[PDB]
Amino acid sequence: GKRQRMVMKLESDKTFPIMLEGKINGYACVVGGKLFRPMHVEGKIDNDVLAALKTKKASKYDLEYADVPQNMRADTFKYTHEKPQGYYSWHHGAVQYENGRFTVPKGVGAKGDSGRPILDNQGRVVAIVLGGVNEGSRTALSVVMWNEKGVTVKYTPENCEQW
Amino acid sequence: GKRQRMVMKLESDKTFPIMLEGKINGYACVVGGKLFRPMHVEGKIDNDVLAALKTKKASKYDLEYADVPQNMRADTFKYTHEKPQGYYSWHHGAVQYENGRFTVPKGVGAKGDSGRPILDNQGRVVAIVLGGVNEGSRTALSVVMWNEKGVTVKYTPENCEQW
Amino acid sequence: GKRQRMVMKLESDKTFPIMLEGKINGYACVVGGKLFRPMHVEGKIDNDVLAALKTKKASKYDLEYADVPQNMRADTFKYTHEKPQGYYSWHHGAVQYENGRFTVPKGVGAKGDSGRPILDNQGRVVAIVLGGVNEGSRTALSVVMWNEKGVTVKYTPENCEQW
Amino acid sequence: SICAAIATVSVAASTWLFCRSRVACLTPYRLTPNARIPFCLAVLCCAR
C-alpha cells in the first residue's frame with residue numbers, strides 16, 4: 001500500500017540488520033542515542049562503527065544496549081510514551097494496539113524478525129518486537145516499550161517464541 | 001535447454017548448499033527421510049533445521065546420514081533401483097549410463113559440485129555424484145547407488161579426484 | 001572512460017582477490033612467475049592453484065612471494081624498470097609520477113584496494129600499490145618498484161596508513 | 001600375569017573384530033532410504 005514505504009525509507013537509514021554467516025537474524029535499532037540489540041540474536045552489526053562498541057546487558061528485558069557516538073546522535077529515531085488504541089505501523093504491514101497488546105494478523109512473523117521498531121502515525125518508535133505467539137487466527141507480540149515515568153516496560157504473552 | 005530448467009525446478013527446495021566462509025563446496029540430499037552428506041565436504045548446513053542434528057557416519061561408503069523429521073518426509077526426492085542403460089539428466093545437462101558406469105563429457109567438472117543427485121526422465125534419483133576421474137575425452141564418475149536386494153553399492157574407478 | 005576498460009581487460013584473468021568471510025580486502029599479483037601478496041591482507045586465495053602453495057616471506061619489504069608453475073608463466077603481467085616522469089594508468093583512473101613519487105588525487109582510497117599494480121601506456125607493471133598517505137589535496141603512495149641493477153626498492157612516505 | 005594379559009588381548013581383539021564385522025554388515029543397509037533390514041542379518045547382528 002502506502003504505509004510501509006515511508007517505513008522502508010526510515011529503516012534504510014537507521015535500522016541495521018545483523019550479519020549471521022549467510023542470513024539475517026535480527027535488527028539493531030538506534031533510538032534516542034542508544035543502540036539496542038536483542039540477546040538471542042547473535043551476529044555482527046553491519047556498521048564498523050556500531051560493531052566496535054561494547055554493549056551492556058539487561059537480562060530481564062532481553063536487550064543488549066550501548067551508547068551511540070556523538071555524530072550519530074542527531075540521526076536517531078524518536079520514542080513516545082503515549083500510545084492510544086488503534087493502528088500502528090510495522091515493516092510487515094500494520095499492527096493493532098488493543099488493551100495494551102500489539103497484535104498482528106497471522107501468516108507473518110518468523111525467525112529473523114527481531115528488533116524491528118514499531119512506528120506510529122508520525123514516525124516515532126513506540127515498541128521493539130522481540131517475538132510472539134500465534135493466538136488462534138491472529139498473532140500477538142512480545143515487545144518492550146516505554147511509559148510516562150520513563151520506565152522500560154516489557155510485555156510478554158504465554159509461551160512466546162524468541163524470533 | 002529445458003533439462004537444466006527441469007533440474008532447477010525439481011532441485012529448488014530440496015537441495016541445500018554447504019557453506020564454508022562464504023564458499024559453496026558441496027550439496028546435501030534429502031531423500032527417503034534421510035540426509036546424505038559426504039565426508040570431504042566440510043562446512044555448515046545452510047538450512048536451520050538440518051544443521052541442528054546428529055549425522056551417523058560411514059567412512060567406507062563415504063556418507064553421513066541422519067533422520068529427517070516426519071513433517072518434511074513428503075517433500076523429499078524419489079528413489080528407485082530399476083535402471084536401464086542409456087541417458088539420464090544431470091545438473092549440467094546429460095550423463096551416460098553404459099556398462100554400469102556413469103560418464104560425463106568433458107568441459108565441466110571442478111571442485112564444488114559434489115553431492116548433486118542424478119535424475120531420470122520421470123523424476124527419481126538413481127545415483128549421487130561424489131567424485132570424478134578424467135578418462136581420455138569422457139570422464140567417469142565415482143558414485144553410489146542401490147540394487148534390488150537393498151545394498152548400497154559404491155562404484156569407484158581408478159585414481160579418482162574428490163570434488 | 002576507456003582507461004578503466006583497458007585496466008579491466010588487462011587485469012581480468014591475472015588478478016585474483018583475497019577473500020575473508022566474504023570481504024574483499026586485497027589483490028595478489030602474478031608477474032614474472034611470482035605471486036606477490038602483502039602481509040597485512042589476511043585471507044584465502046580465490047584461485048585454487050595459487051592457494052595450495054607455500055609463500056616465502058619478507059617482512060621488511062612487506063611481500064610474500066612464491067613460484068608460479070611453468071604452465072602459467074606465459075599468462076602473467078609484464079614488468080620493466082625504464083620509467084619516465086608524468087602520467088600512468090591506475091584502476092581508478094590516472095596516477096602521477098613526479099620526483100620518483102606516485103601521487104593520486106583525492107576522493108578515492110579506502111581499505112581494500114591494496115595490491116593493485118600500476119600500469120603504463122604499453123601494458124607493463126611499474127609499481128605495486130601497498131599503502132597511501134593523505135597529503136593536502138593530493139595523496140601519496142607507499143609502493144615497491146625495481147631499478148636497473150635489480151634491487152627491489154620500497155618507497156614509503158611519512159605516517160602512511162595501510163590499506 | 002602373562003596369561004591374564006594374553007587372555008585380555010585376545011578377548012579385546014575378538015570383540016573389536018566382532019564390532020568391525022557388525023558395522024561392515026549394517027553399513028550398506030542403513031544408507032538405503034528404504035531403511036529395512038533382512039531377516040537373517042537382523043537378529044544375528046542385533047539390528048533393530
# chains A, B, ... in the order shown; residues from 1 in each chain; ligands from 1
>>> interface_residues(of="chain C", to="chain B", cutoff="8 Å", atoms="only C-alpha atoms", output="PyMOL selection string")
chain C and resi 20-22
>>> write_last_selection(atoms="C-alpha atoms", output="mmCIF file, in the first residue's frame")
data_model
loop_
_atom_site.group_PDB
_atom_site.id
_atom_site.type_symbol
_atom_site.label_atom_id
_atom_site.label_comp_id
_atom_site.auth_asym_id
_atom_site.auth_seq_id
_atom_site.Cartn_x
_atom_site.Cartn_y
_atom_site.Cartn_z
ATOM 1 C CA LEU C 20 37.974 -13.051 4.241
ATOM 2 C CA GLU C 21 34.469 -14.262 5.237
ATOM 3 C CA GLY C 22 33.088 -12.766 2.025
#
>>> select_by_dssp(residues="chain C", states="strand (DSSP E or B)", output="PyMOL selection string")
chain C and resi 17-20+23-27+29-31+34-37+44-45+56-58+63-65+67+77-79+86-90+93-98+101-105+117-119+124-125+127-133+138-145+153-155+161-162
>>> closest_atom_pairs(of="chain D", to="chain B", cutoff="8 Å", atoms="only C-alpha atoms", output="Markdown table")
| residue | atom | partner | partner_atom | distance |
| --- | --- | --- | --- | --- |
| D:27 | CA | B:58 | CA | 6.8 |
| D:28 | CA | B:152 | CA | 4.7 |
| D:29 | CA | B:151 | CA | 5.6 |
| D:31 | CA | B:152 | CA | 6.4 |
| D:32 | CA | B:152 | CA | 6.1 |
| D:33 | CA | B:32 | CA | 4.5 |
| D:34 | CA | B:32 | CA | 6.4 |
>>> closest_residue(among="A:17, A:132, A:86, A:26", to="residue 50 of chain A", atoms="only C-alpha atoms")
A:17
>>> residues_around(residues="residue 136 of chain B", least_positions_apart="5", cutoff="12 Å", atoms="only C-alpha atoms", output="ChimeraX atom specification")
/B:103-106
>>> write_last_selection(atoms="N, CA and C atoms", output="mmCIF file, in the first residue's frame")
data_model
loop_
_atom_site.group_PDB
_atom_site.id
_atom_site.type_symbol
_atom_site.label_atom_id
_atom_site.label_comp_id
_atom_site.auth_asym_id
_atom_site.auth_seq_id
_atom_site.Cartn_x
_atom_site.Cartn_y
_atom_site.Cartn_z
ATOM 1 N N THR B 103 29.232 -41.762 -17.112
ATOM 2 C CA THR B 103 30.224 -40.989 -17.842
ATOM 3 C C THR B 103 29.659 -39.620 -18.201
ATOM 4 N N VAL B 104 30.501 -38.600 -18.065
ATOM 5 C CA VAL B 104 30.159 -37.207 -18.342
ATOM 6 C C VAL B 104 31.137 -36.685 -19.390
ATOM 7 N N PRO B 105 30.673 -35.999 -20.438
ATOM 8 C CA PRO B 105 31.615 -35.375 -21.378
ATOM 9 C C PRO B 105 32.385 -34.234 -20.725
ATOM 10 N N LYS B 106 33.559 -33.943 -21.280
ATOM 11 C CA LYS B 106 34.495 -33.019 -20.650
ATOM 12 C C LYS B 106 34.035 -31.571 -20.819
#
>>> atom_distance(atom1="atom CA of residue 43 of chain B", atom2="atom CA of residue 118 of chain B")
22.8 Å
>>> atom_distance(atom1="atom CA of residue 102 of chain B", atom2="atom CA of residue 137 of chain B")
13.9 Å
>>> residues_around(residues="residue 88 of chain B", least_positions_apart="6", cutoff="9 Å", atoms="only C-alpha atoms", output="PyMOL selection string")
chain B and resi 94-97+118-121
>>> decode(residues="segment 9-144 of chain A", atoms="C-alpha atoms", output="short mmCIF file (atom, residue, chain, number, x, y, z; two decimals), in the first residue's frame")
data_model
loop_
_atom_site.label_atom_id
_atom_site.label_comp_id
_atom_site.auth_asym_id
_atom_site.auth_seq_id
_atom_site.Cartn_x
_atom_site.Cartn_y
_atom_site.Cartn_z
CA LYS A 9 12.62 4.93 3.91
CA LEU A 10 13.21 5.23 7.66
CA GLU A 11 14.63 1.70 8.11
CA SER A 12 17.08 2.18 5.22
CA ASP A 13 18.92 4.82 7.27
CA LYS A 14 18.79 3.80 10.95
CA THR A 15 17.60 0.18 11.32
CA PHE A 16 20.59 -2.09 10.79
CA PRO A 17 20.34 -5.86 10.23
CA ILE A 18 22.71 -8.25 11.90
CA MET A 19 25.04 -10.50 9.90
CA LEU A 20 24.84 -14.17 10.63
CA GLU A 21 27.08 -16.26 8.32
CA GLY A 22 24.66 -16.28 5.41
CA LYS A 23 21.40 -14.72 6.60
CA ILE A 24 19.85 -12.01 8.77
CA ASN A 25 19.00 -12.96 12.36
CA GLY A 26 17.90 -9.61 13.81
CA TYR A 27 17.84 -5.85 13.55
CA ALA A 28 19.67 -3.29 15.67
CA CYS A 29 17.73 -0.10 16.36
CA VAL A 30 19.33 3.29 17.02
CA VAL A 31 16.83 5.35 19.03
CA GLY A 32 17.47 8.47 21.11
CA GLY A 33 21.21 7.97 21.06
CA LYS A 34 21.26 4.45 22.48
CA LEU A 35 21.89 1.39 20.28
CA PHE A 36 19.62 -1.57 21.06
CA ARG A 37 20.25 -5.24 20.23
CA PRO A 38 18.33 -8.37 21.30
CA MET A 39 20.16 -11.13 23.14
CA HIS A 40 19.09 -14.36 21.43
CA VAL A 41 20.07 -12.79 18.10
CA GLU A 42 23.79 -13.42 17.60
CA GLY A 43 25.96 -11.97 14.83
CA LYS A 44 27.63 -8.72 13.82
CA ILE A 45 26.14 -5.28 13.22
CA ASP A 46 26.73 -4.15 9.63
CA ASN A 47 28.41 -0.84 10.52
CA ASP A 48 32.05 -0.97 11.57
CA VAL A 49 31.27 2.00 13.83
CA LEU A 50 28.43 0.15 15.58
CA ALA A 51 30.36 -3.13 15.71
CA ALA A 52 33.24 -1.99 17.92
CA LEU A 53 31.03 -0.62 20.70
CA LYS A 54 30.81 -2.90 23.74
CA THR A 55 27.24 -3.39 24.93
CA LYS A 56 25.82 -3.54 28.43
CA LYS A 57 23.25 -6.26 29.06
CA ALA A 58 19.83 -6.28 30.72
CA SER A 59 18.65 -9.90 31.01
CA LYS A 60 15.24 -9.01 32.44
CA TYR A 61 14.38 -7.07 29.28
CA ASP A 62 16.30 -9.26 26.80
CA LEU A 63 18.32 -6.42 25.26
CA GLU A 64 21.96 -5.51 24.95
CA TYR A 65 22.29 -1.74 24.86
CA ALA A 66 25.25 0.58 24.38
CA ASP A 67 25.63 4.33 23.86
CA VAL A 68 25.83 5.81 20.36
CA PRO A 69 28.71 8.10 19.29
CA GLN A 70 28.20 11.84 19.24
CA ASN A 71 27.99 12.29 15.46
CA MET A 72 25.21 9.70 15.18
CA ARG A 73 23.07 11.28 17.94
CA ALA A 74 21.03 13.56 15.67
CA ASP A 75 20.34 10.73 13.19
CA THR A 76 18.39 8.54 15.61
CA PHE A 77 14.77 7.53 15.97
CA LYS A 78 12.37 9.17 18.38
CA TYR A 79 10.40 7.50 21.14
CA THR A 80 6.94 8.16 22.55
CA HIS A 81 5.39 7.23 25.87
CA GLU A 82 1.79 7.98 24.88
CA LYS A 83 0.05 5.42 22.68
CA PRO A 84 -3.72 5.43 22.10
CA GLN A 85 -5.62 2.43 20.78
CA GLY A 86 -5.92 1.77 17.08
CA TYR A 87 -3.46 1.09 14.29
CA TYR A 88 0.31 1.46 14.20
CA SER A 89 2.85 0.69 11.52
CA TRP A 90 5.44 -2.05 11.09
CA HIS A 91 7.74 -3.35 8.35
CA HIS A 92 5.35 -6.22 7.56
CA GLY A 93 2.21 -4.13 7.12
CA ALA A 94 0.12 -2.93 10.05
CA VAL A 95 -0.14 -3.80 13.75
CA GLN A 96 -3.18 -3.44 16.01
CA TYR A 97 -2.88 -1.98 19.50
CA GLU A 98 -5.74 -3.08 21.76
CA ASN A 99 -5.88 -3.28 25.59
CA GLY A 100 -2.10 -2.92 25.70
CA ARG A 101 -1.29 -5.73 23.27
CA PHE A 102 0.44 -5.33 19.91
CA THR A 103 -1.20 -7.95 17.70
CA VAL A 104 -0.61 -8.81 14.04
CA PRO A 105 -2.75 -10.80 11.55
CA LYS A 106 -1.16 -14.18 11.09
CA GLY A 107 0.99 -15.64 8.36
CA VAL A 108 3.83 -13.20 9.05
CA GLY A 109 6.44 -13.16 11.80
CA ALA A 110 9.09 -15.88 11.88
CA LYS A 111 12.80 -16.36 12.53
CA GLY A 112 14.89 -13.34 11.64
CA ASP A 113 12.17 -10.93 12.82
CA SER A 114 13.65 -9.30 15.92
CA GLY A 115 14.39 -5.72 16.84
CA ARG A 116 12.09 -4.22 14.22
CA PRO A 117 10.83 -0.92 15.66
CA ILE A 118 7.06 -0.48 15.64
CA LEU A 119 6.49 3.06 14.40
CA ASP A 120 3.45 5.33 14.76
CA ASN A 121 1.34 7.75 12.70
CA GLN A 122 4.18 10.31 12.90
CA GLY A 123 7.42 8.33 12.58
CA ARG A 124 8.35 7.71 16.21
CA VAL A 125 9.13 4.34 17.77
CA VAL A 126 6.64 3.06 20.34
CA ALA A 127 7.81 -0.56 20.70
CA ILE A 128 10.51 -3.06 19.70
CA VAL A 129 9.47 -6.54 18.60
CA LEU A 130 11.20 -9.48 20.27
CA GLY A 131 8.84 -12.31 19.32
CA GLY A 132 5.32 -13.57 19.67
CA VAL A 133 2.85 -16.43 19.78
CA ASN A 134 0.03 -17.47 17.43
CA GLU A 135 -3.17 -16.59 19.32
CA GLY A 136 -5.51 -18.51 17.05
CA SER A 137 -6.22 -16.63 13.83
CA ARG A 138 -4.13 -13.59 14.83
CA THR A 139 -0.69 -13.44 16.42
CA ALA A 140 0.26 -11.24 19.37
CA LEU A 141 3.73 -9.87 20.04
CA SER A 142 6.20 -9.68 22.93
CA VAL A 143 7.58 -6.15 22.88
CA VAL A 144 9.42 -3.77 25.13
#
